[PDB]
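What follows is one chain in structure tokens, specifically the form deposited without this ligand.
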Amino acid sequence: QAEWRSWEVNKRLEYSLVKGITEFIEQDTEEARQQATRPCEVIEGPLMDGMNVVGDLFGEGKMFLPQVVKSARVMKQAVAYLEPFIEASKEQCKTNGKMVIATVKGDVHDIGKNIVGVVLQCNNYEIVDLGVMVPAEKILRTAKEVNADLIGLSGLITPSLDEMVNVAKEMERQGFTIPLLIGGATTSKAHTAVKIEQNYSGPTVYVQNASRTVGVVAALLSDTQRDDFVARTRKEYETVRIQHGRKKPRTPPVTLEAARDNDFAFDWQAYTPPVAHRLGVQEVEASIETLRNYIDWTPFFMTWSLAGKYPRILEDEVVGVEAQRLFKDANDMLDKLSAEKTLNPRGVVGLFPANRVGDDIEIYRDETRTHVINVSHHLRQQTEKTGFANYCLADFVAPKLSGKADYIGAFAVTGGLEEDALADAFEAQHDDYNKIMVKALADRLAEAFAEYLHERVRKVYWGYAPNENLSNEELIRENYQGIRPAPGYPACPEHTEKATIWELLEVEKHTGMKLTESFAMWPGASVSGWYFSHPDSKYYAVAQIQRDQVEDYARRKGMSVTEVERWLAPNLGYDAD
């Protein structure tokens, strides 16, 4: 008594894949198995026909990524049922190719890699996901032992670019021949071609998103396009290299001393910085009930590869129905996590007396301002400026010689320490929809905590806007006085300053969050940065700084110039090697 239950098993398998239905997967697979001679006949035939249809529908724009992920779920359950029969048998299963994929050493975030992997498993590629913070040695060893046809590397932050070049170079040094696949939030085609590709004599390919990867992989594993595609990419990377190659209409640079002379022009003697209602460090927690109202749903839809802005995405004529069901799944997950207390957002916040000296911010033990407990270092824009200041974030804090009492805040927050454990539980159950869901929700929780806690700080701990009453949308549009710049962003690009935040707040002690050696944070779903209250403070890109700033910055930090050049590679107005 159900139309599709009445079709031949092979059409049932397809319908159940396409529709993401799991209830009859074992029995339909058990039936298909009997229908065939070798167990693997089931995967190679109806199961991949299913994924054949799924792929064409996605191609046509009749399914989107959340549904493709739900199909992958029915597929991995069929296979999980079959594995006993396949193993306890002769044959062992024809695939379209095998990839080893990893998040690079020092890097923690894996949502994007997760999605690239899932998508490739739906095209009958075997994927060996080595997880995160993966050492180059681990990656090359695994690809040998397993005989991978490709290696793919994901990275979120700037230091991961270095790790990727380091992986390329080790591949050359061991004489690897297979394609190296490059993607992730920090990666770009320009950086692949100029810095990575020349280090390896196998093909190096930047790939923008999961969807494009499928065609790249196929072009690379085909005996009639491989060569055509490789040539073409190389010819592309050569072009990219000669294009950027002569440093395209660059603004003129300035001496560090001329930059500092054109600092933010302000009248400190007429101003009275708002006085922090509270000073010191406090650990904090916020329930999922509190934090859900502060969620910015747009990057979440964006992560599930549904374009559009929330609430309107829900009405969109194309993705609206799927945006609604994605959102309903997300809210049901939040309701369980929140009722059962299995993901517990947490952070630490602090406010300190402080004052600018030069391009840094001095931070004091108490309001006598006579013992300096730490220093926040910053960079100054070093291009030539017409009218405007060559900004530096320190500029927004009362110079010490003004005699004005100023303050600085820091925070580190996480959507919850359980994130990895919850994710493994779903990985263990072959459930990629919920694995990517909880990780993407944990991230919505970290950011919601960062908005919420910033608001608590404007209104209460620092307390210079206790009557602010801003809707979620006005929060997203940043209609409030003050900023919460986060190390890594172009406005404070030096990632190692997170050490300062970790020092000032004792983050790891108070909340359990850790810094990797690239200064990524663990858990993946974490945000830390600073608080400034000045009303003219903004997120001005630091951009392109010179040797003279690198050297002076090297001195302030007790680092060698080369260590600094490495941490600031994307901001150097000169070629360091």
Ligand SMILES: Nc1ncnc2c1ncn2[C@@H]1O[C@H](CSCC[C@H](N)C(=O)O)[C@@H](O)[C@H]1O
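In this text, the rigid core denotes the largest set of C-alpha atoms whose superposition between the two forms falls within 1.5 Å. One rule holds for the numbers: they count along the sequence shown, beginning at 1. Shifts are known only where both forms have a C-alpha.
Another form exists, solved in complex with this ligand; not displayed. Remarks below refer to it.
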In the bound PDB entry, segment of 441 to 449, 226 to 234, 373 to 381, 247 to 255 with a heavy atom within 4.5 Å of this ligand: 441 to 449
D329, heavy atom within 4.5 angstroms of this ligand in the bound PDB entry: no
This ligand contact at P485 in the bound PDB entry, heavy atom, 4.5 Å: yes
Contact of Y539 with this ligand in the bound PDB entry (heavy atom, 4.5 Å): yes
Contact flag, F388 vs this ligand in the bound PDB entry, heavy atom cut 4.5 Å: no
Sole residue of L504, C492, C122, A143 within 4.5 Å of this ligand in the bound PDB entry, by heavy atom: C492
In the bound PDB entry, the one of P299, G215, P466, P84 near this ligand [non-hydrogen atom within 4.5 angstroms]: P299
Single mover in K169, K94, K247, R212, with Cα shift of 2 Å or more between this form and the one not shown when the core is superposed: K247
Relative Cα spacing, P249 and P159, in the bound PDB entry - shift of 3 Å or more: closer
Mobile segments between this form and the one not shown - rigid core superposition, Cα shift of 2 Å or more, 3+ residues: 90 to 92, 247 to 249
